[PDB]
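Asker: As numbered in PDB author numbering, residues 1 to 330 make up the sequence shown, in order. Quick reminder that beta carbons are idealized off the backbone N, C-alpha and C, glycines included.
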Amino acid sequence: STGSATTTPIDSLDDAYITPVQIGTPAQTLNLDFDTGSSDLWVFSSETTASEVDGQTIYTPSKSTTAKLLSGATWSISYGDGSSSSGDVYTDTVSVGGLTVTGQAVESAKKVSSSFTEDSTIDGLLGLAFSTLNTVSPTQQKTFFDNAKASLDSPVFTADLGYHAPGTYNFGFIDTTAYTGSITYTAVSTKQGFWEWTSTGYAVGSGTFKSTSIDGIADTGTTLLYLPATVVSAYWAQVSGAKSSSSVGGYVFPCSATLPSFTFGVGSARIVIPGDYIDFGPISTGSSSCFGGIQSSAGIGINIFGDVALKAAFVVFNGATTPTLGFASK
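This is the structure we're talking about:
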């Protein structure tokens, strides 16, 4: 089997991408944030504290003939950005882009943090990291991808995020028309439960490439590119007037600037992030200070190849027995 679904930016900055997901019978379609940095499929639901729902589409398990309470199971997750959610668990039929999993753990939110409430466009998350991170207790549950894997034509999914435009998540096949040149594959460590890999270096604009190992995770659920302070300092030093602002919470730059590109290494290959991808616009409405798309990972504890980086590539998440990551230009 295969599946193919379009993923759509939630706003004009590409702060996140939502992908429609069919849950239950008859289908209830929710727009979920596919997150290769976590491993819980959770949704706003009929059980979510009413004051914490503000415009989201909810899953109502009582209206699904295939929903079954997973008795005794609870979940609770905290994300890197400080947001969180928790609740109980149903199993139900879940389909993405024509690909159907029966018996998928659908984690029903009883509580969500303010960040989620305030984002009316995201109805929940669909985790695509390794199932070892799944938070369901006392019986850990598998991700959608893990459940689908054996049925897939090939044990892969691909992320093809657009810049200020829709893109595609595919399951079970590699669309050879969706990228240019060749796909370069690189080793993955699953030791932390992430799609963790090592970039071979970077360049700033038309500058020379610096060969240096940068360990990080391919994380579709993170907006920006978070890299070591050295790397990030080198990037923003090429933008006149750019500075790190503790009050704002990262590097800002004059909105009048033309940003340089940023290149990262994948083996001997190179992925170029155009400067425009690194512009996240005014820090506040009407401000001439703009927020940068490359930020320091210092204090996160891990480097994160988030959407800023991933949307510059066609990315293969290879879930074979020995997982790997593939990157191509497009």
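Taking just the CA atoms, how far does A229 sit from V106?
Answerer: Cα to Cα, the separation comes out at about 38 Å.
Asker: Quick one: complete beta strand (DSSP E) runs, 3+ long, within the stretch 206–275?
Answerer: 210–218, 225–227, 243–245, 250–254, 262–266, 269–273
Asker: To test your reading of the DSSP string, which unbroken beta strand (DSSP E) runs of 3 or more residues are found completely within the stretch 56–141?
Answerer: 68–78, 84–96, 99–112, 124–127
Asker: With DSSP as the reference, label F291 as helix, strand or coil.
Answerer: strand
Asker: Determine, using beta carbons only, whether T198 and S211 come nearer to each other than 9 Å.
Answerer: no
Asker: For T139, count neighbouring C-beta atoms within 10 Å of its own C-beta (all shown protein chains included) and say buried if the count is 16 or more, exposed if not.
Answerer: exposed
Asker: Taking only the alpha-carbon atoms, compute the straight-line gap between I58 and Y90 and give it to the nearest angstrom.
Answerer: 14 Å
Asker: Which partner residues of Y17 appear in the DSSP bridge assignment?
Answerer: Beta bridge pairing from DSSP links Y17 with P9.
Asker: Would you call the stretch 310–323 and the stretch 246–255 in contact, with 3 or more CB pairs under 8 Å?
Answerer: no
Asker: Assuming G37 contacts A129 (C-beta within less than 8 Å), just tell me the rounded distance between them.
Answerer: 6 Å
Asker: Quick check on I278: does DSSP put it in helix, strand or coil?
Answerer: helix
Asker: Pick out whichever of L227, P323, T222 has its Cα sitting closest to the Cα of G216.
Answerer: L227
Asker: Closer than 6 Å by C-beta to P155: which residues in its own chain qualify, once you throw out the five before and the five after it? Chain order, please.
Answerer: Around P155: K149, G319, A320.
Asker: How about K330 and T180: do their beta carbons lie closer than 9 Å?
Answerer: Yes.
Asker: Rounding to the nearest angstrom, what Cα-Cα distance links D40 and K63 in this structure?
Answerer: Their backbone Cα atoms lie some 22 Å apart in a straight line.
Asker: Grouping DSSP H, G and I as helix and E and B as strand, with all else coil, what is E52?
Answerer: helix
Asker: Expressed to the nearest angstrom, what Euclidean distance is found between the alpha-carbon atoms of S189 and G292?
Answerer: Rounded to whole angstroms, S189 to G292 spans 29 Å at the Cα level.
Asker: Name the DSSP beta bridge partners of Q22, please?
Answerer: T29, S95
Asker: Which residue marks the beginning of the beta strand (DSSP E) containing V204, and which one marks its end?
Answerer: Residues 196–204.
Asker: Check each candidate in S12, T168, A257, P323 and name the one with the smallest Cα separation from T121.
Answerer: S12
Asker: For the alpha helix (DSSP H) holding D146, just list the boundary residues, first then last.
Answerer: 144–148
Asker: Taking only the alpha-carbon atoms, compute the straight-line gap between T48 and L133 and give it to the nearest angstrom.
Answerer: 23 Å
Asker: Would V204 and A234 qualify as a contact pair, given that the criterion is a beta-carbon distance under 9 Å?
Answerer: yes
Asker: Report all residues from its chain with a CB closer than 7 Å to the CB of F173; omit the five preceding and five following residues, and keep chain order.
Answerer: Residues of the same chain with a CB within less than 7 Å of the CB of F173, apart from the 5 flanking positions on each side, are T2, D153, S154 in chain order.
Asker: Less than 8 Å between C-beta atoms, sequence neighbours within five positions excluded: which residues of the same chain meet that for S288?
Answerer: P254, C255, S256, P282
Asker: So the candidates are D14, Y202, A5, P26; which of them puts its Cα closest to the Cα of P20?
Answerer: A5
Asker: For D146, collect the residues of the same chain with a Cβ closer than 7 Å to its Cβ; drop the 5 residues on either side in sequence, then sort them by chain order.
Answerer: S131
Asker: Here's a check: name, in chain order, each residue in its chain whose Cβ is nearer than 6 Å to the Cβ of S151, leaving out the five neighbours to either side.
Answerer: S1
Asker: Contact defined as beta carbons within less than 8 Å: I believe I278 pairs with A312. What is the distance between those atoms, to the nearest angstrom?
Answerer: Not a contact, Cβ separation roughly 10 Å.
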